[PDB]
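Enquirer: Submitted below is the structure of interest, expressed as structure tokens.
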Ligand SMILES: *[C@@H]1O[C@H](CO)[C@@H](O[C@@H]2O[C@H](CO)[C@@H](O)[C@H](O)[C@H]2NC(C)=O)[C@H](O)[C@H]1NC(C)=O
Ligand SMILES: *[C@@H]1O[C@H](CO)[C@@H](O[C@@H]2O[C@H](CO)[C@@H](O)[C@H](O)[C@H]2NC(C)=O)[C@H](O)[C@H]1NC(C)=O
Ligand SMILES: *[C@@H]1O[C@H](CO)[C@@H](O[C@@H]2O[C@H](CO)[C@@H](O)[C@H](O)[C@H]2NC(C)=O)[C@H](O)[C@H]1NC(C)=O
Ligand SMILES: *[C@@H]1O[C@H](CO)[C@@H](O[C@@H]2O[C@H](CO)[C@@H](O)[C@H](O)[C@H]2NC(C)=O)[C@H](O)[C@H]1NC(C)=O
Ligand SMILES: *[C@@H]1O[C@H](CO)[C@@H](O[C@@H]2O[C@H](CO)[C@@H](O)[C@H](O)[C@H]2NC(C)=O)[C@H](O)[C@H]1NC(C)=O
Ligand SMILES: *[C@@H]1O[C@H](CO)[C@@H](O)[C@H](O)[C@H]1NC(C)=O
Ligand SMILES: *[C@@H]1O[C@H](CO)[C@@H](O)[C@H](O)[C@H]1NC(C)=O
Ligand SMILES: *[C@@H]1O[C@H](CO)[C@@H](O)[C@H](O)[C@H]1NC(C)=O
Ligand SMILES: *[C@@H]1O[C@H](CO)[C@@H](O)[C@H](O)[C@H]1NC(C)=O
Ligand SMILES: *[C@@H]1O[C@H](CO)[C@@H](O)[C@H](O)[C@H]1NC(C)=O
Ligand SMILES: *[C@@H]1O[C@H](CO)[C@@H](O)[C@H](O)[C@H]1NC(C)=O
């Protein structure tokens, strides 16, 4: 502590009195993790790999609840031509726990994928499918000219 | 949130000694673990607590003051307010000074600080 | 205030980014420590006027005057007097900082701790009792030099001689005069027991000390433009490169809040320093002596004054002479 | 002389002054120290930023630097204003002490030194003023017995100035702040009312200076 006060005052010699120093706080002993103890894996397979998808005017919306996700499985796949999360880091998804997940599935042409970012404007973004300005979530787009 | 608080170092001038005391402020120091003293201002470690009272030299808090005294060490104590004195009051008694002393006292006051632009 | 803890405590990626702002945190801590020391300076200046603690004699032969309502009461664990105890009940203190083991707890948890005053209420009451005993047994002598004991009747005689009235008037009416004083003190006892606004100048202080602290906590809920106002949320959601962008905005907002709070504290501390210097002057001149300054020690011709403590304040009972029944006469 | 040795011995007596000057430096010190701070840019030196980057990104960095250094200036100038206000108050108080304790005599207790104020001498000091307050202090006290008034011929006598004192056998009139007994005389006292109302009156003779002259002339 004495050398620490010498450090705080930036002087070799210290005068008589009281000197406030860097505060003490007791460190955590260990770590506790608590999550709901559900176990079923989530069916992302039919969500992201359907036989067929709905059109933009009637864009399909699947509810995801009461399941254990695994976004690392998707994130490691190279089939994702475009993958951008606008309210969370894509890697951190494994350590974040959600109240629900809406999967909005549809098909467009290649040039309109820039229109699907949140806050964007354009014919698709104006007259059939608009994301909120404060949108949080992820956007996935991949070519299907072979399907 | 885990117990936390500011920490202060009680010390005389390093030109006199190297011994120091540590005051964990606002901490009931049963958590910190012969010189452990639970003040009303937290806990003091490294000083000997005595029942003797002196004038406050190094302010600790809540009536506790520290000092460096003999064998030399840091002592914490309840600061004495002053010399005890009972005035010999009576309804027909008077005190008159028969002698006087003229004393000079220095009073120092700042008048100005350095101009800066 | 611990700058790190207040801004975004329990985070290391905080300290790394907060180091980029230089010694702002150290400067804020220096200012707060200076204010804390200045509080002790004010208390020491106002109350520690006498180096000797006097005590009242066991016999209370004060020529008919009754100071029981302001003399210390041994029955109470503290040597606090009666009117002093009323004063302590009128003001509702908050966050006295005597061992924390609620608003006070919520303020404390965020690094906003309260140091205790050095002179606890007991030593303040002892100082007040000492000064009162000196005033009532030694005239104004103890202020100038040693304690020169004197009976209270001729002490009032010399206060009358000071106010331009011959001391004989006192002795021809002492029985009535004391009867007035012992009555008038009672009027204070009922007044402080009746009204609660008389101590406004004190509560206005203490309330603000809380209120500014309140808003200093309330700014934590503010997002300042980020996507979330909680640090652990930002940390969990985002990776380093964007978490840095968000945490810089949060740090800037919380640092500006600290700047505003510490400037407010400095201004209030300057006002309190001025008030404490004025109070110390009133203690030195109206208590330890008699004043020729009109209206400085009570409305009227000043006879004397009695000090009393109060939570974070001092209360002077100014005893003053007032001409009452006038008559017309012809003068050349 | 005791002052000369005291100022030659101790160095803390002038603390209130150094505390000022030190701060004037210390705030300046930190006002320079903030230059080393980066405030979030990639470099804390202006010429570095200028050399590395082109205009469109150098503007983004220099805006951050300007904001940081401007905030530092705001804090420094607010601190200076507060310290200047405190110094203004101190200087007004010192000017009052110069006008009242030096150029005159003060009836305010403890304002011009601890005790009964006799006078004061001003002295200069670096950025400060030092008053040598010369004051009178009663030193050696003694006990005496006092009565509020004396009953001589059925009438009460009170001091024109001073206090009736007695060593045990005789009564005298002494000024309050110095012992100098003097015989109870009609010149030293005045008469108002009889002896029944005053509480604690004590019988004693009151000398009349006209009586011995009248009696000596009668014997003549
Ligand atoms: C949907 O089909 C895709 C086809 O791309 C699946 O991705 C393949 O997964 C297999 C084993 O699971 C790997 O051998 C391939 O390397 C993957 N393809 C690529 C290019 O990454 C994907 O698993 C299915 N999607 C979902 C959500 O079930
Ligand atoms: C008042 O006090 C002074 C202070 O001592 C007395 O003067 C001293 O007298 C003695 C005895 O003769 C000497 O030894 C000292 O040198 C004197 N000191 C000073 C400072 O002058 C003085 O006698 C006292 N007055 C009375 C009436 O007793
Ligand atoms: C001084 O005031 C106190 C309080 O008013 C007086 O004490 C009271 O005496 C009466 C009458 O016997 C009692 O009924 C009370 O219980 C007493 N109260 C307290 C607080 O002690 C006291 O008598 C007064 N003294 C003089 C000399 O007038
Ligand atoms: C109180 O003071 C008086 C006055 O000084 C003392 O009376 C004097 O006594 C002496 C010594 O015998 C005589 O020479 C004087 O003539 C007396 N003067 C007066 C005015 O009476 C008296 O002795 C003192 N009493 C005590 C107890 O000290
Ligand atoms: C002061 O003198 C008066 C008058 O001589 C004293 O009063 C007398 O006291 C006696 C004895 O009891 C009575 O017989 C008289 O009637 C009183 N006379 C008067 C005029 O009141 C008084 O006692 C004396 N005081 C002292 C302290 O000696
Ligand atoms: C250190 O202490 C010695 C002895 O008390 C003294 O002579 C010297 O001046 C002191 N030095 C400082 C820097 O206070
Ligand atoms: C600390 O806490 C313990 C347990 O409640 C208690 O016995 C002790 O008195 C406390 N000490 C202080 C100084 O508060
Ligand atoms: C102070 O007094 C108490 C009670 O008499 C005693 O328990 C304690 O040991 C004393 N402390 C010292 C240092 O003598
Ligand atoms: C004095 O005279 C004025 C004018 O006549 C009158 O108004 C006032 O009441 C008188 N005061 C007294 C005390 O007689
Ligand atoms: C006065 O009398 C009191 C009580 O007897 C005593 O304590 C004190 O020392 C005396 N003072 C002088 C100067 O004789
Ligand atoms: C002083 O007190 C004594 C003892 O109580 C008493 O006999 C005497 O009458 C009192 N004197 C005065 C003037 O009150």
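Along the chain as shown, residues are numbered 1 onward.
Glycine is treated like the rest: Cβ placed from N, Cα and C.
Pulled these features from Swiss-Prot for this protein:
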type	residues	note
DISULFID	C:3-C:25	disulfide bond
DISULFID	C:8-C:14	disulfide bond
CARBOHYD	C:66	N-linked glycosylation site
DISULFID	C:286-C:297	disulfide bond
CARBOHYD	C:328	N-linked glycosylation site
Enquirer: Around ligand 3, within a Cβ distance of under 6 Å, which of the recorded positions C:14, C:66, C:297 show up?
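Expert: Result: C:66.
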Enquirer: Quick one: Cα separation, residue C:286 (disulfide bond) versus residue C:66 (N-linked glycosylation site), in Å?
Expert: 20
Enquirer: Which one is it: of the recorded positions C:14, C:66, C:297, C:328, whose Cα lies the shortest distance from the Cα of residue C:3 (disulfide bond)?
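Expert: That would be C:14, nearest by Cα distance.
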Enquirer: Which one is it: of the recorded positions C:25, C:66, C:297, C:328, whose Cα lies the shortest distance from the Cα of residue C:14 (disulfide bond)?
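Expert: Ranked by Cα distance from residue C:14 (disulfide bond), first place goes to C:25.
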Enquirer: Check residue C:328 (N-linked glycosylation site) against DSSP and tell me helix, strand or coil, would you?
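Expert: DSSP assigns residue C:328 (N-linked glycosylation site) to coil.
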Enquirer: Far apart in sequence but close in space: which same-chain residues, 6 or more away, have a Cβ under 8 Å from residue C:8 (disulfide bond)?
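Expert: In sequence order, the residues whose Cβ lies under 8 Å from that of residue C:8 (disulfide bond) (at least 6 apart) are C:14, C:18, C:231, C:247, C:250, C:251, C:254.
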Enquirer: Counting across all protein chains shown, how many other Cβ atoms sit within 10 Å of the Cβ of residue C:14 (disulfide bond)?
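Expert: Around residue C:14 (disulfide bond), other Cβ atoms within 10 Å: 19.
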Enquirer: Compare the C-alpha of residue C:25 (disulfide bond) with the C-alpha of each of the recorded positions C:66, C:297, C:328, and give the closest one.
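Expert: When the Cα distances are compared, C:297 comes out closest.
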Enquirer: Count the other Cβ atoms sitting within 10 Å of the Cβ of residue C:25 (disulfide bond), across every protein chain shown.
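Expert: Taking every protein chain into account, the count is 20.
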Enquirer: Quick one: Cα separation, residue C:66 (N-linked glycosylation site) versus residue C:328 (N-linked glycosylation site), in Å?
Expert: 35
Enquirer: Count the Cβ atoms, other than its own, that fall within 10 Å of the Cβ of residue C:66 (N-linked glycosylation site), considering every protein chain shown.
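Expert: Step by step: centre on the Cβ of residue C:66 (N-linked glycosylation site), count other Cβ atoms within 10 Å, giving 16.
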Enquirer: List, in residue order, those recorded positions out of C:3, C:66, C:286, C:297 with a Cβ under 6 Å from any atom belonging to ligand 7.
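Expert: Cβ under 6 Å from ligand 7: none.
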Enquirer: What recorded positions in C:8, C:14, C:328 place CB under 6 Å from ligand 9?
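Expert: So the answer is C:328.
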Enquirer: With H, G and I counted as helix, E and B as strand and the rest as coil, say where DSSP puts residue C:286 (disulfide bond).
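Expert: Where residue C:286 (disulfide bond) sits, the three-state DSSP reduction gives helix.
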Enquirer: For residue C:286 (disulfide bond), list the number of other Cβ atoms lying within 10 Å of its Cβ atom.
Expert: 23
